[PDB]
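Working through the structure, step by step
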Amino acid sequence: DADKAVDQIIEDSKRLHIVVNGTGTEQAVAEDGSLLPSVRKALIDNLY
Amino acid sequence: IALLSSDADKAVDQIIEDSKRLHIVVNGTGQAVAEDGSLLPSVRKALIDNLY
Amino acid sequence: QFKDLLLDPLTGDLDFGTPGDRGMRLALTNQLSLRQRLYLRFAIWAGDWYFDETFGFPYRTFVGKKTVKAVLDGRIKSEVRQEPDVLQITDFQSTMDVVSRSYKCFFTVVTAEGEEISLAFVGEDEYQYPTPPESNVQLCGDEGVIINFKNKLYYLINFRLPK
Amino acid sequence: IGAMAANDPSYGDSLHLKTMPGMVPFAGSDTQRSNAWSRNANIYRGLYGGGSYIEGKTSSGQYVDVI
Amino acid sequence: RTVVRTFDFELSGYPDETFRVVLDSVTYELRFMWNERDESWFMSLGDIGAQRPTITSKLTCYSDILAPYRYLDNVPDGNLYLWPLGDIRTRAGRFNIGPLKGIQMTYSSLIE
Amino acid sequence: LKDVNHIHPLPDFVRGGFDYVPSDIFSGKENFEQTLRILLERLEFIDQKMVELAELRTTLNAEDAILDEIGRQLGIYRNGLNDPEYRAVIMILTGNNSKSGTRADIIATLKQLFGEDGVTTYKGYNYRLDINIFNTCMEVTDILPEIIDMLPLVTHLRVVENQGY
């Protein structure tokens, strides 16, 4: 039943990948439904 | 079969600390320490020490 | 740390234990051992135990004779210090009643507690020898390495989203 | 209380450097300790190779053993 | 290989004990050193007044210490073992070595 | 309550020794500490590698570069085997020295190569024996020669391998 863990890992990797490479702005969606900001979104604060 | 994961943890933990530093810097209060030992001020602190 | 059969402080018979755990017990704590070592030392009248004529207390010297309270207290207070693990005696309230001709003293004794040196003769062992693996886990890996990684990923996905 | 109880007041036994079991050392820096000292707020400090009380100063200012 | 028990040892726990013993009518000198990190006794065996010890080994329970060394003219041909008197799971310690302390260090000699 | 294997990295090695500064005389001077820390931290690296020099030499974790040395002492040469299965053959041959080829015994040795439910064995009237494999994790043809060795002198054997039931 490690296939179950491998499943979740598979799309967690994709969520992480989009978050890191979220263009200028991407809104990754977690399983809880909350919204995670790309790094470059998090960088607006300095961007002034 | 997929037990190459024996290398994945050395990156997973590392990204955990990196996220921690990200959080403290962005949401800090009027600091952060990199692996080089140098300091990174949080935005709510950087807004204070700059030239006015 | 002197080991010996435990004597019940309440009745004087061997402490076989409660009805739920009846058995036999050894005196382990230094307090319990010293208690009975003093009790036997004071309860056996001098010379009345065969195989050892020098053991016991000489009550016959005082009982039945006109005696001075001060002399008795010295002997009572001296027999206690024959044990090698007695630190001190705290207080001593010696009182005598002339109407009933009774004598009754109070005092307490202080003793420390030691270590067990070795557990070889008592019950258990303190080591944690390893457990052999199960099935083909050794030659092909283990699934837990996947489960822990999945849990770490899930908890990290949980952390970043504010809650 | 465990350090003063069994001690006759007539001896004038100071409470300066006595050790209090159970307490934990005060971790504040030198500047913080100086601040608290002005407050008459005594601190338990981990000393050179050990840990001990600092001073028996009451809120008014007089040393405790006097009181 | 018939063997008979002929000698027993005791240790006072001092970390650098050294004494002389006689076995099989021959005389040897023994040194015992206590290791902190490994919590084990180190035994050195050699001739009287020898410049260096002939044999050095680590003591363990139920292991034949002299097994690989019965090919020298100055090594006893008997059997040296450590086995416990109490629970079988107890391992050799510092103060638990002796005829009644828990571990019985013993030497036995073949019948010739 | 305690591990019997005392060979472990010393816990908190660095803060020890610093504990031997007499009365905090130098502490907080930031000039003596760095000099002492720089020297002590070198022992940290050496202390750590003392373990792998013993840990990595065990047959369970030995890498192929040195596993050959372990096999060489036992006469089991690499031949064309690769690391993951070369470990297996070493275990199989060594384990054969205390065996009797009984039905219960044979199941035990196959147990270490195919998990719990990955193997089953049918038996036949005239010396026939059968081996079934369900969850092989290594290529079996190179392991086959040993699988014959731990069987009685007169066994008649069939080998069939498949994935799953």
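Residues numbered from 1 in each chain as written, not as in the entry; some residues may be left out. Chains lettered and ligands numbered in written order. Part of a larger assembly, values for the part shown. Heavy atoms only, no water. Residues with missing side-chain atoms left out of burial classes, pairs and counts.

cryo-EM is the method the PDB entry states for this structure, with the resolution given as 3.24 Å.

Named according to the PDB entry, chain E is Spacer protein originating from Pectobacterium phage phiTE.

1. Topic: the overall build of chain E
Of the regular secondary structure elements, chain E holds zero helices and seven strands. Against the compact-globule benchmark of 13 Å for 112 residues, chain E has a radius of gyration of 14 Å, which places it among compact chains. In terms of overall dimensions, chain E has a C-alpha envelope of 35 × 35 × 20 Å along the principal axes. For chain E, with 112 residues in total, the buried portion stands at 39%. The contacts of chain E with a sequence gap of at least 6 include a subset with a gap of at least 24, amounting to 39%. (Helix = DSSP H or I, 4+ residues; strand = E, 2+ residues; numbered from the N terminus. Rg over C-alpha atoms; globule rule 2.2 N^0.38 Å. Buried < 20%, exposed > 50% of the residue type's maximum accessible area, 1.4 Å probe, protein only. Contact = heavy atoms within 4.5 Å.)

2. Remarks on the interface of chain A and chain C
Chain A puts 16 residues into the contact, and the matching count from chain C is eleven residues. A buried area of about 1200 Å², summed over both sides, lies between chain A and chain C, and 76% of it is on carbon and sulfur atoms. Viewed at the interface, chain C and chain A are joined by zero salt bridges. Taken together, the links from chain A to chain C amount to two residue pairs in polar contact. Sorting the residues of the side of chain A that touches chain C by element identifies α1 (2-20) and β2 (35-37) of chain A as the ones contributing at least two each. Among the elements that make up the side of chain A that touches chain C, the one with the highest residue count is α1(A) (ten residues). The class makeup of the residues in the side of chain A that touches chain C is nine nonpolar, three polar and four charged. (Buried area = accessible area lost by both parts, 1.4 Å probe. Salt bridge = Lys/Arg side-chain N within 4 Å of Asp/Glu carboxyl O. Polar contact = N/O pair within 3.5 Å; in protein donor to acceptor, adjacent residues only side chain to side chain. Nonpolar A, V, L, I, M, F, W, Y, C, P; charged D, E, K, R; others polar.)

3. Thoughts on the packing of aromatic side chains
Using the criterion set out here, one finds 14 aromatic pairs over all chains in the structure. An angle of 65° between the planes, with centres 4.7 Å apart, marks the rings of F:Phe26 and F:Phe32 as edge-to-face. Of the residues examined, F:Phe26 reaches a relative accessible area of 36% and is grouped as partly exposed. When its relative accessible area of 31% is taken as the criterion, F:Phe32 is described as partly exposed. Taken together, the aromatic side chains of C:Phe42, C:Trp45, C:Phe57 and C:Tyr59 make up a single cluster linked through ring pairs. (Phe/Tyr/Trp six-rings, centres within 6.5 Å; stacked < 30°, edge-to-face > 60°.)

4. Structural notes on the arrangement of the chains
The protein chains that touch form seven pairs of chains, and the pair with the most contacts between them is chains A and C. Looking at chain C next to chain D, you find no contact at all, with the nearest C-alpha pair sitting 13 Å apart.

5. As for the packing of helix α3 (residues 64-74) of chain F against helix α4 (residues 83-95) of chain F
Residues and elements named next belong to chain F. At their nearest, the axes of α3 and α4 sit 11 Å apart, and the two run at 20° to each other. When the axes of α3 and α4 are compared, the pair comes out roughly parallel. As α3 packs across α4, the resulting crossing turns out to be left-handed. Each of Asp64, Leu67, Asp68, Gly71 and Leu74 in α3 lies in contact with α4, whose residues at this interface are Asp83, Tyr86, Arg87, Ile90 and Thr94. Among the residues making up the contact of α3 with α4, the classes are represented as four nonpolar, two polar and four charged. (Axes fitted to C-alpha atoms, helices over the stretch in contact; angles between N-to-C directions. Parallel < 35°, antiparallel > 145°, perpendicular 65-115°, else oblique. Left-handed = near helix turned anticlockwise from the far one by under 90°.)

6. Some details on the sheet that holds strand β3 (residues 156-161) of chain F
By definition, the strands of a sheet pair up through backbone hydrogen bonds, in either a parallel or an antiparallel sense. Residues and elements named next belong to chain F. In space, the three strands of this open sheet follow the order β1-β2-β3, with mixed pairing throughout. Edge positions in the sheet fall to β1 (119-123) and β3, since each has one partner strand and no second. Across the sheet, the mean angle from the axis of one strand to that of its neighbour is 15°, orientation sign disregarded. Here strand β2 (residues 128-133) runs beside β3; their pairing, made up of six bridges, is parallel. When the bridges of β3 are listed, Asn132 appears paired with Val160. (Pairing = 2+ DSSP bridges.)

7. With respect to the interface of chain C and chain F
Much of the literature gives interface size as the accessible area that the parts lose upon coming together. Residue-level contacts link nine residues of chain C with 14 residues of chain F. Looking at side-chain class alone, the side of chain C that touches chain F contains four nonpolar, four polar and one charged residues.

8. So, the pairing of strand β7 (residues 103-110) of chain E
All names here are of chain E. Of all eight residues making up β7, seven are buried, and the element is well covered by its neighbours. The pairing of strand β1 (residues 3-8) with β7 spans five bridges and is classified as antiparallel. What sits directly across from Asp8, in β7, is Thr106. Across six bridges, strand β6 (residues 79-84) lies against β7 in antiparallel orientation. Following the sheet pairing, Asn79 is matched in β7 by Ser108.

9. Digging into α3(F)
All names here are of chain F. What α3 keeps buried is the set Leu67, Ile70 and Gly71. What you see down the axis of α3 is that its buried residues fit within an arc of 95°, all on one side. Opposite the packed face of α3, turned more than 90 degrees from it, sit the exposed residues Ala65 and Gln73. Lining the buried residues of α3 we find α4. After α3 finishes, the residue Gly75 shows a positive phi value of roughly 80°. (Arc of directions from axis to C-beta.)

10. Describing the environment of A:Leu36
Looking at where A:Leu36 falls in the secondary structure, it is placed in strand β2. By relative accessible area, A:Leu36 is classed as buried at 6%. For the pair A:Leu36 and A:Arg15, spaced 21 residues apart in sequence, the C-alpha to C-alpha distance is 9.2 Å. In this view, A:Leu36 contacts A:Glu26, A:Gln27, A:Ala28, A:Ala30, C:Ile157, C:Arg160 and C:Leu161; residues no more than four positions away in its chain are not counted.

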